[PDB]
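These notes are about the structure you will find just below.
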Amino acid sequence: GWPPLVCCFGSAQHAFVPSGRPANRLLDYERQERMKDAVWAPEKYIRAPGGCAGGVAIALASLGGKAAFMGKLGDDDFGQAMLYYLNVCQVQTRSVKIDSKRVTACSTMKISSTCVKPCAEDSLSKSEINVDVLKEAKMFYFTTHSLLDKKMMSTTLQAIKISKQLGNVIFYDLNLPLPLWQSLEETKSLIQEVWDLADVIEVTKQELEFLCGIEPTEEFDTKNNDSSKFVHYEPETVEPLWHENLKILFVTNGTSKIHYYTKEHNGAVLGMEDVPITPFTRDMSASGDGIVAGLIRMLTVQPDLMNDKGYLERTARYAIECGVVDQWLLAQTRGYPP
Amino acid sequence: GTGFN
Amino acid sequence: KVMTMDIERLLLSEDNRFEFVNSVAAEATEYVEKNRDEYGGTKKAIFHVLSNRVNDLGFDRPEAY
Amino acid sequence: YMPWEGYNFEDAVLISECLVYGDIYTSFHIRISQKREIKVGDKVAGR
Amino acid sequence: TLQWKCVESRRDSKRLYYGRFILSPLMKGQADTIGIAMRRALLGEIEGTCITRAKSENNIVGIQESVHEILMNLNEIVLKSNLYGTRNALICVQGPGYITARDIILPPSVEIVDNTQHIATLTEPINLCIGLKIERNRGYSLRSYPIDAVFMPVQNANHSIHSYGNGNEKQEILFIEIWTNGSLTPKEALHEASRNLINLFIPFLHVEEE
Amino acid sequence: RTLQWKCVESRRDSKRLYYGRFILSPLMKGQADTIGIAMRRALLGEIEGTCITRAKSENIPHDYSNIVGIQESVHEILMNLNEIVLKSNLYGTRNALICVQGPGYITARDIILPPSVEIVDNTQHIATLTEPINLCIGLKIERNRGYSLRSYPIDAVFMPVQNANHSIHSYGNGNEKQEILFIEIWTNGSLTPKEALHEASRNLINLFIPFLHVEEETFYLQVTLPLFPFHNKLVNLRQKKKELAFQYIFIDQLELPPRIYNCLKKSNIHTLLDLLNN
Amino acid sequence: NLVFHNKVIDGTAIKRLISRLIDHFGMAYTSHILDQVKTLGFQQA
Amino acid sequence: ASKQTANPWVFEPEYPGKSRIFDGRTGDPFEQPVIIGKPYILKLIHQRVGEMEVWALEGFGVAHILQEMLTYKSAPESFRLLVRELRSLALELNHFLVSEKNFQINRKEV
Amino acid sequence: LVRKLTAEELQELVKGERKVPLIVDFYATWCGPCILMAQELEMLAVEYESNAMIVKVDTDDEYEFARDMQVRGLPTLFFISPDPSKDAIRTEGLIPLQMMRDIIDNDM
Amino acid sequence: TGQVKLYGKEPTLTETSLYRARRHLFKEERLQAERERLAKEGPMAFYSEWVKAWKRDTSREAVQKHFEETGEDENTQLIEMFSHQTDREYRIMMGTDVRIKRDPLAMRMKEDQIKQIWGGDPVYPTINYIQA
Amino acid sequence: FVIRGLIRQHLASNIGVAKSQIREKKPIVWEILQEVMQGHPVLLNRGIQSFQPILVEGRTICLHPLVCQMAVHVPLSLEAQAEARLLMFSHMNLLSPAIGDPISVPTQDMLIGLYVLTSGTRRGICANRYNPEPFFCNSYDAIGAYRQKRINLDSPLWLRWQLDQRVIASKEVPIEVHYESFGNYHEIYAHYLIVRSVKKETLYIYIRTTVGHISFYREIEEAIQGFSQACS
């Protein structure tokens with residue numbers, strides 16, 4: 001039943017940030033940023049791609065979408081805390097296979113680097129996919145964090161192929177985990193198997209530059225809005241990656257600018273990123289989660305306009321707004337350190 | 001009035 | 001707010017307005033004699049009499065509304 | 001001169017808070033003195 | 001700290017949802033500005049969906065209603081959707097019998113709010129398809145009869161302000177009341193209005209590239 | 001961008017009166033006035049300002065009496081202090097001094113400000129000294145909004161936007177009836193018109209964001225992180241062996257089949273406590 | 001209850017209306033009806 | 001003043017001296033022009049129970065309030081004064097009440 | 001209390017002898033929740049100072065150790081055991097401090 | 001302006017009493033002709049009445065031919081034109097505000113005509129009243 | 001009564017302590033004063049009429065405009081308080097007794113406001129320059145269109161008067177009627193229209209009216225409903 005359910009697959013552990021990359025923000029450094037020393041700003045602007053898939057589920061639920069988080073929390077106290085937090089955020093957890101044999105956040109063994117006995121969120125099995133949810137889940141959301149463990153890789157590929165058989169839209173958001181930025185060829189060797197299956201993809205501008213191997217030929221912390229920073233890479237820069245299924249790729253430079261590309265249309269919407277920045281929100285992660293949730297919301301609630309430039313403009317704008325609103329809320333809640 | 005009776 | 005409609009209802013019930021108000025004064029002074037709880041804060045004996053009488057009329061009003 | 005929502009009913013008058021900000025109608029009354037501001041219920045007239 | 005609560009909710013009709021929301025505590029003067037802006041947003045910045053045109057390609061014989069009465073009962077159809085642009089819905093009924101909002105074939109994102117809404121009564125066995133243009137529009141915005149429905153998901157909104165705690169800070173409390181048309185819940189309307197207001201004011205914080 | 005704003009004009013008639021006109025264009029019908037009125041009320045009422053709120057003449061002859069060797073009364077100098085314009089960004093209580101030790105004109109340039117405050121117009125006359133008095137006065141400064149009600153209190157007002165206006169004009173699209181908004185702001189130099197427009201927008205957003213915070217004040221039974229009070233609940237219940245409250249158990253965690261889960265969720269049955277409905 | 005006017009309220013017309021309201025409903029309703037028509041008048045003024 | 005200041009609303013030729021003005025709580029104009037000015041305004045400088053109130057209270061029949069207002073709020077002591085001054089004029093204002101039960105002529109305390 | 005190391009100093013600390021369980025917190029200067037974690041484990045340090053010991057490692061420039069100790073993001077922290085008879089739990093996300101107590105006093 | 005014709009060169013008291021009864025019809029007709037002129041000319045050509053400093057060609061064709069090089073769409077051109085508008089011109093233009101709806105004729109009556117509302121300069125000279 | 005209240009709450013042990021707290025004017029004194037004023041009427045005296053006081057900000061007594069150096073009096077005994085509340089309220093005395101003339105009738109601004117409220121349409125020559133309107137299916141649709149500035153207070157509109165009783169008239173015969181060959185017909189009048197047929201029945205009256213007239217009727221109907229809400 002309407003609204004169409006989105007199924008968000010992966011981990012949900014609280015306030016976990018997968019990576020951070022040098023970034024540029026669309027900001028009037030002249031006047032406000034030099035005039036207010038009462039507002040806080042980081043000495044180096046590093047932006048995170050996003051967060052956990054549970055975080056995107058919570059965001060999309062806050063936007064009034066319907067979201068089902070798919071995973072397992074453990075039966076331990078933190079796993080029940082997470083399950084409550086998901087439920088009070090109106091996220092559906094009929095797909096959470098809460099399991100008493102696992103501890104939630106604790107991967108239990110490493111000697112050195114060892115892989116022994118991974119945590120609950122790392123160990124969902126192919127038999128625990130709620131296929132009756134994926135029947136209703138008109139969009140399937142997942143992230144590269146689901147692909148690090150080969151058991152999670154196998155479960156993810158099974159859920160993907162189930163969703164394809166059921167006709168679901170596959171939304172792949174890299175949030176490219178920290179172990180992957182050290183090798184492009186390893187990264188592509190991992191992600192290609194799902195990339196070819198993804199129907200919609202979100203990549204940060206930095207993740208696009210990384211997968212394209214183009215080093216950042218631009219200034220970061222230099223106090224100007226030189227449009228060479230916010231370059232809209234021409235379609236021939238991204239055709240390399242355009243597997244013959246991808247309908248719409250979004251490339252996000254946070255809330256400053258969201259580019260989009262299709263087989264026929266491309267463009268960008270200039271947002272804003274002069275939202276309250278604080279410590280506890282320095283990473284700008286929740287803006288990325290809000291952007292992804294806004295994209296998912298718009299594309300799922302109107303699937304037939306997946307390739308209408310007018311709707312893609314509206315969708316990117318909606319994502320920019322949602323991201324601003326989320327990093328704002330975060331700043332207002334998390335606060336400022338003593 | 002009230003004090004009729 | 002609403003209590004004056006109850007007053008008007010009781011004014012409509014009784015056959016003499018002055019006799020009604022006399023009976024209310026009597027009921028209040030006998031209440032404040034048969035019971036010596038102070039009963040003088042946010043609720044008042046007059047409103048109590050009006051409430052009990054409109055409850056006799058069957059109407060769901062609490063003591064001093 | 002316009003009828004507002006009754007607060008100027010039959011020659012009542014509304015004033016801005018600026019008349020309190022600016023000391024525009026602040027008097028001094030001597031007894032020791034008091035800095036009497038303009039208040040609700042004060043009387044004003046044109047000539 | 002600033003917090004809001006749903007103080008009351010009611011469903012006195014399938015096409016009348018009521019809610020009342022408290023926000024507290026507010027600084028001197030903020031409550032009225034919030035209430036005014038929120039009321040404008042609710043009463044016309046919310047995008048709403050309704051039937052905007054009807055085609056009846058066949059006064060039509062055998063229908064009890066006048067065609068004008070058909071159109072005016074269609075205006076009363078309440079819809080919720082996330083449509084972009086216009087879209088086509090279609091009544092198709094063969095008489096005799098009632099045609100009702102349940103009988104609307106809906107374009108994908110649309111859902112009926114009150115499926116029991118009347119539309120027409122066929123007194124005899126006749127064909128009556130009706131081709132309906134639907135749109136989603138802001139309230140303030142804007143064989144082929146226009147239905148001129150006024151894109152009004154919120155029938156009414158009000159606010160009031162009260163001082164509280166007798167504290168000499170004179171901080172105050174805002175109560176917002178909303179009568180949504182059932183195409184939205186009051187809490188969803190409050191969220192949508194707030195978000196649309198923020199989308200109106202963010203433009204003043206847009207920096208542009210050099 | 002389609003929707004765009006620009007500083008169409010700015011003027012600086014004095015260090016204490018800036019003016020700025022702004023445009024915002026391709027607004028839709030009914031957006032321009034919803035913006036304009038909210039922005040007006042934000043500018044006129046929700047902008048904060050910094051000013052002197054207290055004064056302490058270090059030698060006082062009497063609370064109400066004249067002051068020797070000054071060409072005007074204590075009341076005139078208190079009014080001249082009221083008219084001082086300050087530029088601070090940081091809130092809180094602050095202090096300052098004037099220590100002028102000879103004949104001449106005491107002016108805002110002579111105020112020794114704390115690090116976080118700036119004089120907007122150094123040239124503002126404060127007092128005339130005819131005699132070589134070591135005139136020392138303390139000042140206390142505050143940043144607030146609107147107005148507030150031994151050292152003299154100063155009846156100062158914290159309102160740096162001196163005036164604001166807006167006009168709404170048809171853009172002339174015959175179908176969409178788009179509109180142009182102009183905004184005009186007169187400010188004390190405590191803020192430039194553009195800075196006041198930004199801070200008005202941001203204050204409006206800070207007023208509307210509350211309705212998007214975690215809903216209905218109902219998330220647990222102030223805290224930064226939102227899932228630690230419930231973790232502590234679970235910990236204390238396990239230590240007390242006190243099971244779990246039905247209020248915190250949800251039908252979504254029970255085995256019941258999709259066809260029933262859908263009907264219950266559409267019925268807004270969420271917690272097992274909702275099965276208090278017999 | 002009352003007839004729709006579709007005609008201008010003269011002072012004599014509202015005297016008629018208020019008197020007829022007092023005679024029909026008594027004080028109970030009319031003391032609220034008139035007190036709300038106060039607010040209506042203030043609003044439209 | 002209009003043409004020098006370029007304030008065309010000061011002299012609107014359609015209705016000179018009036019202008020359209022806006023509700024600060026709404027931003028909409030009031031639909032008819034309002035007369036505007038800068039007039040010169042000056043701030044100005046700043047319990048008997050009466051017989052016509054007795055007549056009004058007794059008209060309402062609300063006579064216990066009338067009794068309160070005329071007696072214990074300040075026989076009543078003023079009737080004691082009345083009788084004492086007539087008694088000082090060598091007239092005995094003598095107050096009796098008759099027992100309904102016993103016909104006994106009880107002399108009032110006067 | 002909490003001590004910034006380098007990868008070689010952490011390597012010698014972890015391969016040497018220890019009296020107490022070692023917590024090593026991987027953080028970055030860019031990371032928000034990492035500051036919340038540093039507060040949580042500063043409370044941990046001050047309540048455990050003589051019984052457990054805490055260090056922090058900066059994955060902005062020790063990134064080879066990071067990608068060597070399977071750190072999938074931030075914040076992440078490793079509870080290395082005081083003796084190698086059994087080995088290190090690792091925990092990711094902003095876990096409650098009680099979930100660290102019930103490691104240091106219930107896993108060790 | 002030919003919107004009306006009169007029996008003579010001066011409006012009789014009957015004609016002015018009828019104007020008093022009907023002026024809002026002619027006002028709304030003029031405002032409608034002003035809206036229609038806005039729709040035809042486009043905002044550049046319409047609002048350039050109150051930007052004397054804007055010397056460039058404002059016709060829709062010229063706005064298009066300028067968009068076809070400078071990349072500035074019609075909106076950026078209009079923002080620039082208004083960026084050349086002086087404060088006094090803007091205050092005069094504010095008669096066209098959608099809430100004010102000032103009469104297009106009252107906006108354009110010249111001084112020697114408006115003078116006839118009160119009947120020319122006062123016979124006793126106002127300089128006798130003026131005080132600094 | 002404030003002293004008696006402080007005794008009732010046991011916050012003072014003797015009347016001198018109560019007087020001392022009243023002198024101290026602490027918030028407790030105003031809380032107990034609010035408790036005492038709740039449900040206690042007072043007389044106002046110019047001309048003598050009683051009201052429920054509510055504790056108000058400022059220092060000058062505030063009076064309702066239609067009931068309008070007023071003197072103030074407290075009825076001390078319970079019998080007096082009963083007589084005040086049940087006899088001496090404005091509710092009890094809406095009529096001037098000299099002929100039975102309603103006192104509180106809308107007057108000053110409100111009446112002229114109502115006049116403009118009920119002036120409604122410009123008629124005929126005042127409305128069209130030459131010799132030769134939306135339909136709303138209910139009054140809340142019309143009010144919504146007004147609020148959304150689709151129509152103005154003065155402007156003519158048609159309301160479906162589905163409460164098709166109680167139609168107002170001026171004893172005027174139909175200004176026109178149209179009969180369709182199929183036997184529907186429309187009767188057009190200077191104020192309303194009726195659609196009715198020789199088969200079937202009357203469909204609807206449509207009344208030609210204004211947002212002002214609609215608001216005048218609606219706010220009285222809703223005042224009757226709002227009062228009778230307590231009848232539930």
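FYI, nothing fancy with the structure tokens labels: chains A, B, ... in order, residues from 1 per chain, ligands from 1 as they appear.
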For range 27-33 of chain G, list every protein, DNA or RNA residue within 10 Å, evaluated using only C-alpha atoms, and leave out those in the same chain fewer than 6 positions away; present the list as a JSON list (two decimals) with N, CA, C and O atoms, in the first residue's frame.
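Now in around.json:
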[["chain", "number", "residue", "atom", "x", "y", "z"],
["C", 1, "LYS", "N", -17.60, 29.34, 31.52],
["C", 1, "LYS", "CA", -18.23, 29.71, 30.25],
["C", 1, "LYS", "C", -19.69, 29.26, 30.23],
["C", 1, "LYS", "O", -20.60, 30.08, 30.21],
["C", 2, "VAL", "N", -19.88, 27.94, 30.24],
["C", 2, "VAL", "CA", -21.19, 27.36, 29.96],
["C", 2, "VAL", "C", -22.14, 27.52, 31.14],
["C", 2, "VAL", "O", -23.36, 27.41, 30.95],
["C", 4, "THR", "N", -23.62, 29.60, 32.89],
["C", 4, "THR", "CA", -24.79, 30.47, 32.93],
["C", 4, "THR", "C", -25.97, 29.90, 32.15],
["C", 4, "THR", "O", -27.12, 30.14, 32.55],
["C", 5, "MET", "N", -25.72, 29.03, 31.18],
["C", 5, "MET", "CA", -26.84, 28.35, 30.54],
["C", 5, "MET", "C", -27.52, 27.43, 31.54],
["C", 5, "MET", "O", -28.75, 27.41, 31.64],
["C", 6, "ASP", "N", -26.73, 26.79, 32.42],
["C", 6, "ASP", "CA", -27.34, 25.99, 33.46],
["C", 6, "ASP", "C", -28.15, 26.88, 34.37],
["C", 6, "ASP", "O", -29.31, 26.58, 34.68],
["C", 7, "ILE", "N", -27.61, 28.06, 34.69],
["C", 7, "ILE", "CA", -28.34, 29.00, 35.51],
["C", 7, "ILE", "C", -29.65, 29.35, 34.82],
["C", 7, "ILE", "O", -30.74, 29.24, 35.41],
["C", 8, "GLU", "N", -29.58, 29.63, 33.52],
["C", 8, "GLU", "CA", -30.80, 29.98, 32.81],
["C", 8, "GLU", "C", -31.75, 28.79, 32.77],
["C", 8, "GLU", "O", -32.95, 28.95, 33.06],
["C", 9, "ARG", "N", -31.21, 27.59, 32.57],
["C", 9, "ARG", "CA", -32.06, 26.40, 32.65],
["C", 9, "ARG", "C", -32.77, 26.33, 33.98],
["C", 9, "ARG", "O", -34.00, 26.17, 34.03],
["G", 18, "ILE", "N", -31.73, 41.23, 16.85],
["G", 18, "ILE", "CA", -31.37, 40.95, 18.24],
["G", 18, "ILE", "C", -32.62, 40.75, 19.10],
["G", 18, "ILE", "O", -32.66, 39.86, 19.95],
["G", 19, "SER", "N", -33.64, 41.59, 18.91],
["G", 19, "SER", "CA", -34.88, 41.40, 19.66],
["G", 19, "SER", "C", -35.53, 40.05, 19.35],
["G", 19, "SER", "O", -35.96, 39.34, 20.26],
["G", 20, "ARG", "N", -35.62, 39.69, 18.07],
["G", 20, "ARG", "CA", -36.16, 38.39, 17.70],
["G", 20, "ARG", "C", -35.33, 37.24, 18.24],
["G", 20, "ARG", "O", -35.88, 36.20, 18.62],
["G", 21, "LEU", "N", -34.01, 37.40, 18.31],
["G", 21, "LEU", "CA", -33.16, 36.37, 18.91],
["G", 21, "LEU", "C", -33.43, 36.22, 20.40],
["G", 21, "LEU", "O", -33.52, 35.10, 20.92],
["K", 90, "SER", "N", -25.08, 40.72, 33.55],
["K", 90, "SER", "CA", -25.55, 41.26, 32.28],
["K", 90, "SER", "C", -26.34, 40.23, 31.49],
["K", 90, "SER", "O", -27.30, 40.59, 30.79],
["K", 91, "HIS", "N", -26.00, 38.95, 31.65],
["K", 91, "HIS", "CA", -26.76, 37.88, 31.02],
["K", 91, "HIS", "C", -28.24, 38.00, 31.38],
["K", 91, "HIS", "O", -29.11, 37.73, 30.54],
["K", 92, "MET", "N", -28.53, 38.39, 32.61],
["K", 92, "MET", "CA", -29.89, 38.40, 33.10],
["K", 92, "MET", "C", -30.66, 39.63, 32.66],
["K", 92, "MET", "O", -31.87, 39.72, 32.93],
["K", 93, "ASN", "N", -30.02, 40.59, 31.99],
["K", 93, "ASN", "CA", -30.59, 41.93, 31.85],
["K", 93, "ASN", "C", -30.33, 42.50, 30.46],
["K", 93, "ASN", "O", -30.03, 43.69, 30.32],
["K", 94, "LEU", "N", -30.43, 41.68, 29.42],
["K", 94, "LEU", "CA", -30.15, 42.15, 28.07],
["K", 94, "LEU", "C", -31.18, 43.16, 27.57],
["K", 94, "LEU", "O", -30.92, 43.85, 26.58],
["K", 95, "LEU", "N", -32.34, 43.26, 28.22],
["K", 95, "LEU", "CA", -33.41, 44.14, 27.77],
["K", 95, "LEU", "C", -33.50, 45.37, 28.67],
["K", 95, "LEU", "O", -33.46, 45.25, 29.90],
["K", 104, "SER", "N", -27.62, 45.71, 24.47],
["K", 104, "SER", "CA", -26.25, 45.41, 24.07],
["K", 104, "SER", "C", -26.05, 45.38, 22.55],
["K", 104, "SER", "O", -25.01, 44.88, 22.11],
["K", 219, "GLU", "N", -21.11, 33.06, 10.69],
["K", 219, "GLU", "CA", -20.62, 33.30, 12.04],
["K", 219, "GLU", "C", -21.74, 33.36, 13.08],
["K", 219, "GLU", "O", -21.52, 32.96, 14.23],
["K", 220, "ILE", "N", -22.98, 33.63, 12.66],
["K", 220, "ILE", "CA", -24.10, 33.52, 13.59],
["K", 220, "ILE", "C", -24.52, 32.06, 13.75],
["K", 220, "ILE", "O", -24.81, 31.60, 14.86],
["K", 221, "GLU", "N", -24.59, 31.32, 12.64],
["K", 221, "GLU", "CA", -24.91, 29.90, 12.74],
["K", 221, "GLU", "C", -23.89, 29.17, 13.60],
["K", 221, "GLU", "O", -24.25, 28.36, 14.46],
["K", 222, "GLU", "N", -22.60, 29.45, 13.37],
["K", 222, "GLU", "CA", -21.54, 28.88, 14.18],
["K", 222, "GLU", "C", -21.49, 29.42, 15.60],
["K", 222, "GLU", "O", -21.01, 28.71, 16.49],
["K", 223, "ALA", "N", -22.07, 30.59, 15.87],
["K", 223, "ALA", "CA", -22.19, 31.00, 17.27],
["K", 223, "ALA", "C", -23.30, 30.24, 17.97],
["K", 223, "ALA", "O", -23.14, 29.85, 19.14],
["K", 224, "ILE", "N", -24.38, 29.95, 17.26],
["K", 224, "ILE", "CA", -25.45, 29.13, 17.83],
["K", 224, "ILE", "C", -24.94, 27.71, 18.08],
["K", 224, "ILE", "O", -25.18, 27.12, 19.14],
["K", 225, "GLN", "N", -24.23, 27.15, 17.10],
["K", 225, "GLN", "CA", -23.64, 25.82, 17.28],
["K", 225, "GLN", "C", -22.61, 25.80, 18.40],
["K", 225, "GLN", "O", -22.57, 24.85, 19.19],
["K", 226, "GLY", "N", -21.74, 26.81, 18.47],
["K", 226, "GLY", "CA", -20.75, 26.85, 19.53],
["K", 226, "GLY", "C", -21.35, 26.97, 20.91],
["K", 226, "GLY", "O", -20.84, 26.39, 21.87],
["K", 227, "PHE", "N", -22.45, 27.71, 21.04],
["K", 227, "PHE", "CA", -23.15, 27.74, 22.32],
["K", 227, "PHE", "C", -23.81, 26.40, 22.63],
["K", 227, "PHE", "O", -23.65, 25.87, 23.74],
["K", 228, "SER", "N", -24.54, 25.83, 21.67],
["K", 228, "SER", "CA", -25.25, 24.58, 21.91],
["K", 228, "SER", "C", -24.35, 23.36, 21.93],
["K", 228, "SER", "O", -24.84, 22.25, 22.13]]
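Excluding residue 139 in chain K and any residue on its chain fewer than 3 positions from it, the residues at most 10 Å away by only C-alpha atoms are residues 136, 142, 143, 144, 145, 158, 159, 160, 161, 211, 214, 215 and 218 of chain K.
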Residues of chain B within 7 Å of chain H, counting only C-alpha atoms, as a list in words: residues 1, 2 and 3 of chain B
Atom pair CA of residue 42 in chain J / CA of residue 58 in chain J: separation (Å): 8.5 Å
Nearby residues (only C-alpha atoms) at most 12 Å from residue 193 in chain K, same-chain spacing under 3 positions excluded, as number ranges by chain: K: 135, 157-162, 164, 167-169, 174-178, 185-190, 196, 202-209
For residue 85 in chain I: contacts at 12 Å, only C-alpha atoms, fewer than 5 positions along chain excluded, given as a VMD selection string: (chain A and resid 109 111) or (chain I and resid 80 108)
Proximity of chain K to chain F: per-residue shortest pair, 12 Å limit, only C-alpha atoms, as JSON lines:
{"residue": "K:147", "atom": "CA", "partner": "F:30", "partner_atom": "CA", "distance": 11.1}
{"residue": "K:148", "atom": "CA", "partner": "F:30", "partner_atom": "CA", "distance": 8.4}
{"residue": "K:149", "atom": "CA", "partner": "F:30", "partner_atom": "CA", "distance": 9.2}
{"residue": "K:150", "atom": "CA", "partner": "F:30", "partner_atom": "CA", "distance": 11.4}
Please dump the current selection as a PDB file, in the first residue's frame; keep N, CA and C atoms.
ATOM      1  N   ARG K 147      -9.681  33.412   1.072  1.00  0.00           N
ATOM      2  CA  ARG K 147      -8.403  33.416   1.779  1.00  0.00           C
ATOM      3  C   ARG K 147      -7.234  33.259   0.815  1.00  0.00           C
ATOM      4  N   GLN K 148      -7.401  32.433  -0.212  1.00  0.00           N
ATOM      5  CA  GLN K 148      -6.398  32.254  -1.251  1.00  0.00           C
ATOM      6  C   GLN K 148      -6.455  33.347  -2.310  1.00  0.00           C
ATOM      7  N   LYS K 149      -7.234  34.402  -2.063  1.00  0.00           N
ATOM      8  CA  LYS K 149      -7.283  35.597  -2.904  1.00  0.00           C
ATOM      9  C   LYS K 149      -7.758  35.287  -4.320  1.00  0.00           C
ATOM     10  N   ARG K 150      -8.582  34.251  -4.470  1.00  0.00           N
ATOM     11  CA  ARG K 150      -9.251  34.010  -5.741  1.00  0.00           C
ATOM     12  C   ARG K 150     -10.467  34.905  -5.928  1.00  0.00           C
TER      13      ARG K 150
END
Members of chain I assigned helix (DSSP H, G or I) by DSSP, as JSON, numbers by chain: {"I": [7, 8, 9, 10, 11, 12, 13, 14, 15, 33, 34, 35, 36, 37, 38, 39, 40, 41, 42, 43, 44, 45, 46, 47, 48, 63, 64, 65, 66, 97, 98, 99, 100, 101, 102, 103, 104]}
